[PDB]
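Dumped data-v7.cif below, it's mmCIF, C-alpha atoms:
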data_model
loop_
_atom_site.label_atom_id
_atom_site.label_comp_id
_atom_site.auth_asym_id
_atom_site.auth_seq_id
_atom_site.Cartn_x
_atom_site.Cartn_y
_atom_site.Cartn_z
CA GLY A 1 11.36 6.58 24.93
CA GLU A 2 13.52 3.58 23.97
CA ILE A 3 12.13 1.01 26.42
CA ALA A 4 8.55 2.28 26.16
CA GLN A 5 8.78 2.43 22.38
CA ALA A 6 10.13 -1.12 22.13
CA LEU A 7 7.34 -2.45 24.36
CA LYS A 8 4.76 -0.65 22.23
CA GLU A 9 6.27 -2.28 19.13
CA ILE A 10 6.19 -5.72 20.81
CA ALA A 11 2.54 -5.10 21.67
CA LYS A 12 1.65 -4.24 18.07
CA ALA A 13 3.51 -7.25 16.68
CA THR A 14 2.04 -9.63 19.27
CA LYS A 15 -1.46 -8.45 18.32
CA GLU A 16 -0.63 -9.23 14.70
CA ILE A 17 0.60 -12.72 15.63
CA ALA A 18 -2.64 -13.27 17.53
CA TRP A 19 -4.75 -12.32 14.52
CA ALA A 20 -2.71 -14.47 12.11
CA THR A 21 -2.83 -17.44 14.47
CA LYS A 22 -6.63 -17.09 14.67
CA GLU A 23 -6.74 -17.09 10.86
CA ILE A 24 -4.64 -20.29 10.76
CA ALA A 25 -6.96 -21.99 13.25
CA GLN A 26 -9.99 -20.99 11.21
CA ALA A 27 -8.40 -22.20 7.95
CA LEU A 28 -7.59 -25.59 9.50
CA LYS A 29 -11.16 -26.00 10.69
CA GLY A 30 -12.34 -25.35 7.13
CA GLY B 1 21.21 -0.17 28.54
CA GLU B 2 21.24 -3.94 28.24
CA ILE B 3 17.49 -4.00 28.91
CA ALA B 4 16.73 -1.51 26.13
CA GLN B 5 18.93 -3.42 23.66
CA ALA B 6 17.28 -6.75 24.49
CA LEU B 7 13.79 -5.26 24.15
CA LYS B 8 14.72 -3.78 20.77
CA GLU B 9 15.89 -7.23 19.65
CA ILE B 10 12.64 -8.82 20.90
CA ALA B 11 10.66 -6.16 19.00
CA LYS B 12 12.52 -6.91 15.77
CA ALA B 13 12.13 -10.68 16.13
CA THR B 14 8.45 -10.43 17.05
CA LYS B 15 7.79 -8.31 13.94
CA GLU B 16 9.44 -11.06 11.88
CA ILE B 17 7.28 -13.73 13.55
CA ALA B 18 4.20 -11.64 12.76
CA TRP B 19 5.20 -11.37 9.09
CA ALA B 20 5.96 -15.08 8.79
CA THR B 21 2.77 -16.14 10.59
CA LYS B 22 0.75 -13.98 8.19
CA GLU B 23 2.47 -15.86 5.33
CA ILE B 24 1.49 -19.20 6.91
CA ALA B 25 -2.12 -18.00 7.15
CA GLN B 26 -2.10 -16.90 3.51
CA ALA B 27 -0.62 -20.21 2.38
CA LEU B 28 -3.29 -22.21 4.21
CA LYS B 29 -6.04 -19.92 2.94
CA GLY B 30 -4.49 -20.27 -0.53
CA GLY C 1 1.66 4.29 32.38
CA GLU C 2 2.89 3.46 28.89
CA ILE C 3 4.80 0.42 30.11
CA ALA C 4 1.80 -1.05 31.95
CA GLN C 5 -0.51 -0.42 28.99
CA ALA C 6 1.86 -2.14 26.56
CA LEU C 7 2.38 -5.10 28.89
CA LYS C 8 -1.38 -5.50 29.38
CA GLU C 9 -1.83 -5.51 25.61
CA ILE C 10 0.93 -8.12 25.29
CA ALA C 11 -0.77 -10.22 27.99
CA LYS C 12 -4.11 -10.06 26.17
CA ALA C 13 -2.57 -10.94 22.80
CA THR C 14 -0.50 -13.77 24.29
CA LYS C 15 -3.67 -15.29 25.79
CA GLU C 16 -5.29 -15.09 22.33
CA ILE C 17 -2.26 -16.82 20.79
CA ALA C 18 -2.46 -19.54 23.45
CA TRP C 19 -6.12 -20.21 22.67
CA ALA C 20 -5.64 -20.20 18.90
CA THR C 21 -2.56 -22.45 19.14
CA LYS C 22 -4.58 -24.89 21.24
CA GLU C 23 -7.29 -24.82 18.57
CA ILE C 24 -4.68 -25.56 15.89
CA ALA C 25 -3.41 -28.51 17.93
CA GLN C 26 -6.93 -29.87 18.34
CA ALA C 27 -7.72 -29.49 14.65
CA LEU C 28 -4.55 -31.36 13.68
CA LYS C 29 -5.28 -34.11 16.26
CA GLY C 30 -8.63 -34.68 14.52
CA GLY D 1 21.22 -7.95 36.41
CA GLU D 2 18.73 -10.85 36.39
CA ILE D 3 16.13 -8.89 34.43
CA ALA D 4 18.60 -8.07 31.67
CA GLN D 5 19.80 -11.67 31.50
CA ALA D 6 16.26 -13.04 31.20
CA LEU D 7 15.46 -10.52 28.47
CA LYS D 8 18.63 -11.52 26.59
CA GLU D 9 17.51 -15.16 26.76
CA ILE D 10 14.03 -14.19 25.52
CA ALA D 11 15.61 -12.24 22.65
CA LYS D 12 17.70 -15.24 21.56
CA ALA D 13 14.74 -17.62 21.72
CA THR D 14 12.44 -15.24 19.82
CA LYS D 15 15.04 -14.98 17.05
CA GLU D 16 15.02 -18.79 16.84
CA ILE D 17 11.20 -18.77 16.66
CA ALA D 18 11.40 -16.20 13.85
CA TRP D 19 13.78 -18.46 11.93
CA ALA D 20 11.63 -21.56 12.42
CA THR D 21 8.40 -19.78 11.51
CA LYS D 22 9.96 -18.61 8.24
CA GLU D 23 11.04 -22.21 7.59
CA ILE D 24 7.47 -23.40 8.20
CA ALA D 25 6.07 -20.79 5.81
CA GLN D 26 8.50 -21.79 3.06
CA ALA D 27 7.81 -25.50 3.55
CA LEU D 28 4.05 -24.97 3.24
CA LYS D 29 4.49 -22.85 0.11
CA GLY D 30 6.54 -25.62 -1.52
CA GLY E 1 1.50 -3.73 40.57
CA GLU E 2 -0.11 -4.01 37.14
CA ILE E 3 3.29 -4.50 35.49
CA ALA E 4 4.09 -7.55 37.62
CA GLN E 5 0.59 -8.95 37.14
CA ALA E 6 0.80 -8.57 33.36
CA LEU E 7 4.17 -10.33 33.28
CA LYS E 8 2.75 -13.20 35.38
CA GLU E 9 -0.10 -13.54 32.88
CA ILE E 10 2.35 -13.47 29.96
CA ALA E 11 4.36 -16.22 31.66
CA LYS E 12 1.27 -18.40 32.09
CA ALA E 13 0.08 -17.87 28.52
CA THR E 14 3.54 -18.50 27.09
CA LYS E 15 3.65 -21.82 28.95
CA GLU E 16 0.35 -22.74 27.30
CA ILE E 17 1.74 -21.82 23.87
CA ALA E 18 4.76 -24.03 24.58
CA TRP E 19 2.47 -26.97 25.40
CA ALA E 20 0.24 -26.45 22.36
CA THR E 21 3.20 -26.06 20.01
CA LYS E 22 4.67 -29.34 21.31
CA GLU E 23 1.31 -30.99 20.60
CA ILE E 24 1.29 -29.58 17.05
CA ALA E 25 4.75 -31.02 16.42
CA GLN E 26 3.67 -34.42 17.71
CA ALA E 27 0.50 -34.43 15.59
CA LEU E 28 2.47 -33.55 12.45
CA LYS E 29 4.80 -36.50 13.19
CA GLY E 30 1.80 -38.85 13.16
CA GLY F 1 11.40 -10.39 42.76
CA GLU F 2 8.09 -11.08 41.03
CA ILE F 3 9.14 -9.32 37.82
CA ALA F 4 12.47 -11.16 37.54
CA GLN F 5 10.75 -14.49 38.30
CA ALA F 6 8.07 -13.97 35.65
CA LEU F 7 10.71 -13.03 33.08
CA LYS F 8 12.69 -16.18 33.89
CA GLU F 9 9.52 -18.21 33.37
CA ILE F 10 8.90 -16.44 30.04
CA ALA F 11 12.48 -17.19 29.02
CA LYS F 12 12.03 -20.92 29.71
CA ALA F 13 8.69 -21.11 27.91
CA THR F 14 10.00 -19.15 24.92
CA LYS F 15 12.92 -21.60 24.60
CA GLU F 16 10.40 -24.45 24.62
CA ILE F 17 8.38 -22.73 21.88
CA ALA F 18 11.59 -22.37 19.85
CA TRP F 19 12.26 -26.11 20.25
CA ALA F 20 8.73 -27.06 19.21
CA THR F 21 8.63 -24.65 16.27
CA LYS F 22 11.89 -26.12 14.96
CA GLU F 23 10.33 -29.60 15.32
CA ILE F 24 7.32 -28.44 13.27
CA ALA F 25 9.61 -27.06 10.55
CA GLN F 26 11.57 -30.32 10.44
CA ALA F 27 8.39 -32.39 10.22
CA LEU F 28 7.04 -30.34 7.31
CA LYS F 29 10.41 -30.52 5.53
CA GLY F 30 10.29 -34.32 5.73
#
Full structure transcribed into structure tokens:
Amino acid sequence: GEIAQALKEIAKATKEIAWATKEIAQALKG
Amino acid sequence: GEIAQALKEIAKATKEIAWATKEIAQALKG
Amino acid sequence: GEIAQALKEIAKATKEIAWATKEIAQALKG
Amino acid sequence: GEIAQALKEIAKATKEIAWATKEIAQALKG
Amino acid sequence: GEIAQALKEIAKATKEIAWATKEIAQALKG
Amino acid sequence: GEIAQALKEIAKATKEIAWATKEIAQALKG
């Protein structure tokens, strides 16, 4: 579990960063 | 061991980046 | 396995972050 | 070995990104 | 296998994020 | 091998993102 669980948590957080970064890009374009 | 500890630290830091990036998005959409 | 699935999700999200970050850079450059 | 060392370096750098992203958010919020 | 391929893709995408983030910093400096 | 090499490349790129993100923070705080 520990290594697999940490990688799953990194995956979830990285997906959230991706979405927020897309929102920033969209805001800056208008 | 060391690998599991490092991955747990990456998971924690990535979650913090996700939170902060969401705050940036909200500020710019605000 | 679980490790491969998580890493593939991280790869996909990191590509999305790269694209969105490039869009942010282009928006700020005008 | 090498894998653990690289992951430790990634952990340190991601913590620094977390700090800087929080600083960006606060600066934008005034 | 897939694990190595995903890490190679993460490396490439992270290099692109590094470039784009440097461009953002330069744009914000004028 | 391939996995260690990709992780070393991720470590370098992540350190460069940390540098650039700090530069962004400093620019906004100016």
Rotated and translated chain A onto chain B by C-alpha atoms, as a PDB file with C-alpha atoms, in the coordinates of the input:
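Result went into part-v9.pdb, see below:
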ATOM      1  CA  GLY A   1      21.832  -0.357  27.196  1.00  0.00           C
ATOM      2  CA  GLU A   2      21.385  -4.040  28.102  1.00  0.00           C
ATOM      3  CA  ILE A   3      17.679  -4.009  28.998  1.00  0.00           C
ATOM      4  CA  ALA A   4      16.755  -1.497  26.290  1.00  0.00           C
ATOM      5  CA  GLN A   5      18.807  -3.377  23.717  1.00  0.00           C
ATOM      6  CA  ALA A   6      17.201  -6.715  24.594  1.00  0.00           C
ATOM      7  CA  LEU A   7      13.704  -5.223  24.319  1.00  0.00           C
ATOM      8  CA  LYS A   8      14.587  -3.739  20.936  1.00  0.00           C
ATOM      9  CA  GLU A   9      15.769  -7.183  19.800  1.00  0.00           C
ATOM     10  CA  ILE A  10      12.538  -8.793  21.077  1.00  0.00           C
ATOM     11  CA  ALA A  11      10.588  -6.160  19.151  1.00  0.00           C
ATOM     12  CA  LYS A  12      12.440  -6.899  15.909  1.00  0.00           C
ATOM     13  CA  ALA A  13      12.032 -10.659  16.297  1.00  0.00           C
ATOM     14  CA  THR A  14       8.346 -10.382  17.232  1.00  0.00           C
ATOM     15  CA  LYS A  15       7.737  -8.316  14.085  1.00  0.00           C
ATOM     16  CA  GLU A  16       9.391 -11.077  12.075  1.00  0.00           C
ATOM     17  CA  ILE A  17       7.192 -13.728  13.718  1.00  0.00           C
ATOM     18  CA  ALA A  18       4.152 -11.620  12.867  1.00  0.00           C
ATOM     19  CA  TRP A  19       5.125 -11.413   9.203  1.00  0.00           C
ATOM     20  CA  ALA A  20       5.900 -15.145   8.951  1.00  0.00           C
ATOM     21  CA  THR A  21       2.645 -16.059  10.674  1.00  0.00           C
ATOM     22  CA  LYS A  22       0.745 -13.877   8.177  1.00  0.00           C
ATOM     23  CA  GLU A  23       2.524 -15.717   5.353  1.00  0.00           C
ATOM     24  CA  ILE A  24       1.491 -19.088   6.845  1.00  0.00           C
ATOM     25  CA  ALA A  25      -2.134 -17.961   7.096  1.00  0.00           C
ATOM     26  CA  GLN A  26      -2.089 -16.793   3.494  1.00  0.00           C
ATOM     27  CA  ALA A  27      -0.496 -20.052   2.284  1.00  0.00           C
ATOM     28  CA  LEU A  28      -3.151 -22.119   4.080  1.00  0.00           C
ATOM     29  CA  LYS A  29      -5.930 -20.105   2.484  1.00  0.00           C
ATOM     30  CA  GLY A  30      -4.398 -20.835  -0.923  1.00  0.00           C
TER      31      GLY A  30
END
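With CA of residue 21 (chain F) on one side and CA of residue 20 (chain E) on the other, the separation reads 10.5 Å.
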Legend entry - Contacts of residue 18 (chain D) at 12 Å (only C-alpha atoms; same-chain gap of 6+ positions) as a list in words: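 Everything that qualifies: residues 17 of chain A; 9, 10, 11, 12, 13, 14, 15, 16, 17, 18, 19, 20 and 21 of chain B; 11, 12, 24 and 25 of chain D; 14, 17, 18, 19, 21, 22 and 25 of chain F.
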Legend entry - All residues 12 Å or closer to residue 1 (chain A), only C-alpha atoms, same chain fewer than 4 positions away omitted, as a PyMOL selection string: (chain A and resi 5-9) or (chain B and resi 4+8) or (chain C and resi 2-3)
